Amino acid sequence: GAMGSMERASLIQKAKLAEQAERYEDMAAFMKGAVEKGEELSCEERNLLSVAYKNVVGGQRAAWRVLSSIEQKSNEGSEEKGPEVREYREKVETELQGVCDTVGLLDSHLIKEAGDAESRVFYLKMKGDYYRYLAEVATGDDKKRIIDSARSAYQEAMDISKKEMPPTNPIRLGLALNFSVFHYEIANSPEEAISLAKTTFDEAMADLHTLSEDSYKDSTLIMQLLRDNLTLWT
Amino acid sequence: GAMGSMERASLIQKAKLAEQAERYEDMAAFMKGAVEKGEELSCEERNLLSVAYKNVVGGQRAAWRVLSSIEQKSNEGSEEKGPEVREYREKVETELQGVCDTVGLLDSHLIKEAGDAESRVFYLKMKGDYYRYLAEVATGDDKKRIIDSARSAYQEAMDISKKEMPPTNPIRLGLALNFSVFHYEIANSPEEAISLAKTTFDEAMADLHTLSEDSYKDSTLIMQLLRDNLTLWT
Amino acid sequence: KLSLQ
Amino acid sequence: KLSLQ
Ligand SMILES: [Ca+2]
Ligand SMILES: [Ca+2]
Ligand SMILES: [Mg+2]
Ligand SMILES: [Mg+2]
Ligand SMILES: [Mg+2]
Ligand SMILES: [Mg+2]
């Protein structure tokens with residue numbers, strides 16, 4: 001890898017600088033280099049990895065949606081414009097799929113070394129998320145298998161989080177939020193999405209009394225995102 | 001070039017799609033491919049070229065400024081953090097300089113084939129702009145020569161625009177705005193900056209009566225930018 | 001927009 | 001911020 005010659009600590013320092021500069025491609029390359037040093041990631045480092053790739057793939061997904069919408073309109077009384085829209089949508093799609101495939105890092109070897117609930121749930125949620133992004137663009141013979149890979153990753157994360165974390169844990173809440181979105185947007189299961197979001201919200205509500213002021217702010221922030229989705233869906 | 005096998009018209013079509021998707025690196029690569037076909041650019045195509053590279057280099061400049069500010073703070077009672085901030089600022093700087101050097105396109109061979117005032121002033125203003133971006137990061141033995149290259153390009157564009165274009169022409173106005181910024185920010189000549197912005201504004205004001213409603217909106221928009229700078233500088 | 005941002 | 005945007 002191109003980061004093989006840079007110190008782990010220097011990669012982490014530069015990932016933080018890249019975040020401040022809004023250079024998320026650089027940030028992701030730095031964090032990929034840090035992961036490939038082979039050591040486990042701290043909580044802060046896991047967040048740097050997630051922030052970097054979420055921003056990179058977020059831009060790709062936004063562009064894919066714009067191009068897909070144009071492509072769909074061109075396939076209606078529409079005037080033929082040639083293969084260019086499909087070609088360029090395919091180009092963006094392939095790059096997106098490449099980034100999801102890279103986030104490989106989970107399989108080699110972050111997840112197998114993650115033993116604590118906070119690390120293991122974090123990585124399995126990530127695995128669900130990036131299979132979900134692959135599912136968003138999938139149209140072929142593997143679409144069902146991609147969806148099931150997302151589901152399986154989310155389900156293992158959910159099982160661990162329910163056994164090992166309090167209902168207000170922000171990682172547990174963000175996992176439940178995203179698995180609920182998976183049910184709604186990917187799995188054609190709006191009722192499961194709503195049930196999961198509602199039960200997650202209610203159980204967190206009942207546990208807020210145990211929290212410090214700072215933890216209360218952390219948990220209620222994600223609870224509001226659950227409520228926002230429930231408001232949209234009901 | 002990687003775009004050598006794609007049709008000129010397909011490159012232009014994909015540049016427009018990339019703009020809609022906010023994929024400005026792609027947009028710039030497409031427009032570079034179109035320029036390298038060797039044909040002159042239409043007015044719309046010149047704008048696509050400019051939009052693409054302005055967005056690319058704009059992100060690089062914003063990141064360079066963040067990193068430069070951190071580097072300056074580290075060089076004060078500050079704690080030594082190693083070479084990483086300088087290294088990463090240098091990395092972003094080198095990439096920025098590479099993009100400016102690419103925008104090469106003007107020299108091979110856009111400017112020498114540009115005979116009409118609207119094309120020639122547009123390209124010479126671009127040449128001034130990208131030498132100005134090189135000047136913003138220059139610290140070495142060529143800083144003075146870089147500044148003079150920007151000045152010389154702007155001056156030739158100004159001479160042509162004053163002889164061949166009305167004072168309300170949007171290209172003429174945007175050139176005057178940017179040359180005024182060059183005087184203020186690069187050449188240590190705030191009085192020349194203010195004089196140029198004021199004279200440009202006043203002469204445009206006196207010519208607005210000749211314009212259609214749509215041309216009036218185009219010209220007054222850039223006049224407001226001149227006024228905004230004058231308000232800041234006085 | 002719906003997922004954790 | 002000052003130049004043509
Ligand atoms: Ca080492
Ligand atoms: Ca051809
Ligand atoms: Mg290396
Ligand atoms: Mg371990
Ligand atoms: Mg090619
Ligand atoms: Mg010509």
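We count ligands from 1, going down the list as the structure has it; atoms in each ligand are counted the same way. Residue numbers start from 1 in every chain, and the chains themselves are labelled A, B, ... in the order their sequence lines are given, proteins ahead of strands. Any value given below was found using the heavy atoms of this structure, including those in side chains, with hydrogens, waters and symmetry copies removed.
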Would you kindly say whether B:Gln155 and B:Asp159 are connected by a side-chain donor-acceptor distance under 3.5 Å?
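B:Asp159 and B:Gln155 do have a side-chain donor-acceptor pair below 3.5 Å.
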Side-chain donor-acceptor pair present, B:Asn229, B:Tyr184, cut-off under 3.5 Å
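Side chains of B:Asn229 and B:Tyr184: no pair found under 3.5 Å.
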Salt bridge (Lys or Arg N to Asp or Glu O under 4.0 Å) assessment of A:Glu39 paired with A:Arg8:
CA-CA 9 Å; A:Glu39 301 284 344; A:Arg8 190 189 192 275; over 6 Å; no
Could you please tell me which protein N, O or S atoms lie under 3.0 Å from the Ca ion (ligand 2)?
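The answer, once waters are left aside, is B:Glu7 OE1.
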With the Mg ion (ligand 6) as the apex, the O/OE2 angle for B:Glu113 and B:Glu40 - to 10°:
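About 90°, to the nearest ten degrees.
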Take a 6.0 Å sphere around CD of B:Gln20 and say whether it holds more than 12 heavy atoms from other residues, nucleotides or ligands.
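Buried by this count: over 12 neighbours within 6.0 Å.
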Output the distance between atom CG (A:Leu96) and atom CG (A:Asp101), rounded to the nearest 0.5 Å.
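The CG atom of A:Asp101 is 9.5 Å from CG of A:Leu96, to the nearest 0.5 Å.
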Assess the pair B:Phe30 and A:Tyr88: is the distance between their ring centroids shorter than 6.0 Å?
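Ring-ring flag for B:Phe30/A:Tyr88: true, centres closer than 6.0 Å.
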